[PDB]
Amino acid sequence: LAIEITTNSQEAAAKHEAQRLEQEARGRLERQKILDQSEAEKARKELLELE
Amino acid sequence: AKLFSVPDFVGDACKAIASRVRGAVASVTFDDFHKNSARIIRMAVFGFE
């Protein structure tokens with residue numbers, strides 16, 4: 001049970017890590033996404049003018 | 001003649017080192033030992049400065 005606790009301790013703080021890295025992804029992605037849509041809107045305006 | 005003081009000079013020494021480690025490791029948790037065994041022993045044997 002003493003190695004049990006360390007074995008799950010590895011588990012936990014590994015899953016905490018992949019979760020933190022998970023954040024990084026969606027946190028960055030959600031933002032690259034926004035900066036893309038805005039770039040699209042910089043064009044869409046011109047298009048919407050011709051339209 | 002002091003050299004030939006302890007009659008089992010090797011026996012004297014292991015006896016003493018085994019004990020020092022044996023005692024210092026009992027204090028320590030396994031995982032904690034396994035990661036630091038180098039320093040854990042290395043200290044247990046010598047009077048840390």
# chains A, B, ... in the order shown; residues from 1 in each chain; ligands from 1
$ residues_around --residues "residue 37 (chain B)" --least-positions-apart "6" --cutoff "12 Å" --atoms "only C-alpha atoms" --output "list in words"
residues 21, 24, 25, 28, 29, 30, 31, 43 and 44 of chain B
$ interface_residues --of "chain A" --to "chain B" --cutoff "12 Å" --atoms "only C-alpha atoms" --output "compact mmCIF listing (two decimals) with N, CA, C and O atoms, in the first residue's frame"
# COMPACT_ATOMS: atom_id res chain seq x y z
N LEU A 1 0.82 -1.21 0.00
CA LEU A 1 0.00 0.00 0.00
C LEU A 1 0.86 1.26 0.00
O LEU A 1 0.36 2.35 -0.25
N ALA A 2 2.15 1.10 0.27
CA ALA A 2 3.07 2.23 0.31
C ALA A 2 3.55 2.59 -1.07
O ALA A 2 3.79 3.76 -1.37
N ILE A 3 3.72 1.57 -1.91
CA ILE A 3 4.05 1.78 -3.31
C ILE A 3 2.76 2.03 -4.07
O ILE A 3 2.77 2.65 -5.14
N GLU A 4 1.66 1.54 -3.52
CA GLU A 4 0.35 1.85 -4.05
C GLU A 4 0.21 3.36 -4.10
O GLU A 4 -0.03 3.92 -5.16
N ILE A 5 0.42 4.03 -2.96
CA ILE A 5 0.21 5.48 -2.91
C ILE A 5 1.11 6.23 -3.88
O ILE A 5 0.68 7.21 -4.48
N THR A 6 2.35 5.77 -4.05
CA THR A 6 3.30 6.43 -4.95
C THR A 6 2.92 6.15 -6.39
O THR A 6 3.09 7.01 -7.25
N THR A 7 2.41 4.95 -6.65
CA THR A 7 1.99 4.53 -7.99
C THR A 7 0.80 5.37 -8.50
O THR A 7 0.78 5.78 -9.66
N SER A 9 0.17 8.25 -7.11
CA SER A 9 0.70 9.60 -7.03
C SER A 9 1.32 9.99 -8.37
O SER A 9 1.23 11.14 -8.78
N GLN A 10 1.96 9.02 -9.02
CA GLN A 10 2.49 9.20 -10.37
C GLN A 10 1.34 9.44 -11.34
O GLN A 10 1.33 10.42 -12.10
$ residues_around --residues "residue 41 (chain B)" --least-positions-apart "4" --cutoff "12 Å" --atoms "only C-alpha atoms" --output "number ranges by chain"
B: 17-26, 28, 33-37, 45-48
$ write_last_selection --atoms "N, CA and C atoms" --output "PDB file, in the first residue's frame"
ATOM      1  N   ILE B  17      29.220   0.805   9.205  1.00  0.00           N
ATOM      2  CA  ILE B  17      28.546   1.427   8.061  1.00  0.00           C
ATOM      3  C   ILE B  17      27.136   0.843   7.874  1.00  0.00           C
ATOM      4  N   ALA B  18      27.023  -0.488   7.807  1.00  0.00           N
ATOM      5  CA  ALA B  18      25.720  -1.162   7.707  1.00  0.00           C
ATOM      6  C   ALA B  18      24.739  -0.559   8.692  1.00  0.00           C
ATOM      7  N   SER B  19      25.133  -0.509   9.966  1.00  0.00           N
ATOM      8  CA  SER B  19      24.325   0.074  11.042  1.00  0.00           C
ATOM      9  C   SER B  19      23.866   1.514  10.765  1.00  0.00           C
ATOM     10  N   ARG B  20      24.817   2.380  10.392  1.00  0.00           N
ATOM     11  CA  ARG B  20      24.550   3.795  10.091  1.00  0.00           C
ATOM     12  C   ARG B  20      23.503   3.960   8.985  1.00  0.00           C
ATOM     13  N   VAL B  21      23.697   3.240   7.875  1.00  0.00           N
ATOM     14  CA  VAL B  21      22.747   3.212   6.761  1.00  0.00           C
ATOM     15  C   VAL B  21      21.442   2.587   7.231  1.00  0.00           C
ATOM     16  N   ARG B  22      21.534   1.338   7.693  1.00  0.00           N
ATOM     17  CA  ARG B  22      20.395   0.573   8.181  1.00  0.00           C
ATOM     18  C   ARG B  22      19.484   1.440   9.035  1.00  0.00           C
ATOM     19  N   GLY B  23      20.086   2.257   9.893  1.00  0.00           N
ATOM     20  CA  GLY B  23      19.330   3.163  10.760  1.00  0.00           C
ATOM     21  C   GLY B  23      18.768   4.407  10.084  1.00  0.00           C
ATOM     22  N   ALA B  24      19.520   4.947   9.126  1.00  0.00           N
ATOM     23  CA  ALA B  24      19.121   6.160   8.435  1.00  0.00           C
ATOM     24  C   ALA B  24      18.038   5.871   7.418  1.00  0.00           C
ATOM     25  N   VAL B  25      18.083   4.688   6.821  1.00  0.00           N
ATOM     26  CA  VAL B  25      17.090   4.322   5.820  1.00  0.00           C
ATOM     27  C   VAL B  25      15.735   3.968   6.451  1.00  0.00           C
ATOM     28  N   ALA B  26      15.750   3.457   7.679  1.00  0.00           N
ATOM     29  CA  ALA B  26      14.514   3.133   8.391  1.00  0.00           C
ATOM     30  C   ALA B  26      13.658   4.375   8.586  1.00  0.00           C
ATOM     31  N   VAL B  28      13.617   6.840   6.458  1.00  0.00           N
ATOM     32  CA  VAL B  28      13.241   7.318   5.138  1.00  0.00           C
ATOM     33  C   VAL B  28      12.155   6.441   4.516  1.00  0.00           C
ATOM     34  N   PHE B  33      13.768   7.018  -0.593  1.00  0.00           N
ATOM     35  CA  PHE B  33      15.054   6.365  -0.652  1.00  0.00           C
ATOM     36  C   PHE B  33      15.413   6.095  -2.111  1.00  0.00           C
ATOM     37  N   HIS B  34      14.569   5.345  -2.817  1.00  0.00           N
ATOM     38  CA  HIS B  34      14.866   4.911  -4.189  1.00  0.00           C
ATOM     39  C   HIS B  34      15.337   6.021  -5.125  1.00  0.00           C
ATOM     40  N   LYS B  35      14.838   7.225  -4.905  1.00  0.00           N
ATOM     41  CA  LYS B  35      15.203   8.343  -5.744  1.00  0.00           C
ATOM     42  C   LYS B  35      16.514   8.973  -5.297  1.00  0.00           C
ATOM     43  N   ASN B  36      16.770   8.971  -3.991  1.00  0.00           N
ATOM     44  CA  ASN B  36      17.944   9.648  -3.425  1.00  0.00           C
ATOM     45  C   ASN B  36      18.980   8.744  -2.781  1.00  0.00           C
ATOM     46  N   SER B  37      18.849   7.446  -3.014  1.00  0.00           N
ATOM     47  CA  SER B  37      19.708   6.447  -2.389  1.00  0.00           C
ATOM     48  C   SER B  37      21.171   6.872  -2.392  1.00  0.00           C
ATOM     49  N   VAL B  45      26.608   7.677   6.112  1.00  0.00           N
ATOM     50  CA  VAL B  45      27.934   7.180   6.420  1.00  0.00           C
ATOM     51  C   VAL B  45      28.821   8.279   6.983  1.00  0.00           C
ATOM     52  N   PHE B  46      28.741   9.480   6.407  1.00  0.00           N
ATOM     53  CA  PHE B  46      29.619  10.585   6.805  1.00  0.00           C
ATOM     54  C   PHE B  46      28.883  11.733   7.497  1.00  0.00           C
ATOM     55  N   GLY B  47      29.504  12.259   8.552  1.00  0.00           N
ATOM     56  CA  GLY B  47      28.935  13.338   9.378  1.00  0.00           C
ATOM     57  C   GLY B  47      28.714  14.648   8.644  1.00  0.00           C
ATOM     58  N   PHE B  48      27.515  14.788   8.086  1.00  0.00           N
ATOM     59  CA  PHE B  48      27.195  15.831   7.117  1.00  0.00           C
ATOM     60  C   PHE B  48      27.552  17.282   7.490  1.00  0.00           C
TER      61      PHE B  48
END
$ atom_distance --atom1 "CA of residue 32 (chain A)" --atom2 "CA of residue 50 (chain A)"
27.8 Å
$ select_by_dssp --residues "chain B" --states "helix (DSSP H, G or I)" --output "JSON, numbers by chain"
{"B": [9, 10, 11, 12, 13, 14, 15, 16, 17, 18, 19, 20, 21, 22, 23, 24, 25, 26, 27, 30, 31, 32, 33, 34, 35, 36, 37, 38, 39, 40, 41, 42, 43, 44, 45]}
